[PDB]
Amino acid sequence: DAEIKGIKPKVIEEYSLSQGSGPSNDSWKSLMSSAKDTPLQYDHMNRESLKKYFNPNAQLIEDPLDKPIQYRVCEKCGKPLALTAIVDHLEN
């Protein structure tokens, strides 16, 4: 089939594609400020579709069966505790 000459110059310009072939000086740590600003995101549950087709107050667990129920068991009373519940349970 057809060999590629290059990407359309017009497209190169629109998207500022011309880059430096050398290593990036980017840092993933620089993202923290934007991350803190930004509401919880899902890998594959589109935020706008969620607003449209689901309830605003819906509970959402992404890939619930991804792995087992992550919990620990209180050695005092034996209750199974969600990670985010352990500290408060240890205080009551």
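Superpose the two forms; the largest set of C-alphas matching within 1.5 Å is the rigid core. Quick note: we count residues from 1 along the sequence shown, nothing fancier.
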Item checked: Farther-lying stretch by C-alpha RMS in 4 other deposited structures of this protein (rigid core fit) among 65-73, 6-14 -> 6-14
Item checked: Between 26-34 and 43-51, larger RMS Cα displacement in 4 other deposited structures of this protein after core fit -> 26-34
Next item on the list: Report, as yes or no, whether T84 is left without coordinates in at least one third of the other compared entries.
Entry: no
Next item on the list: Could you settle it for me: does 25-33 or 49-57 have the higher average Cα B factor in the PDB entry?
Entry: 25-33
Next item on the list: Could you check the entry and say whether 1-9 or 83-91 has the higher mean CA B-factor?
Entry: 1-9
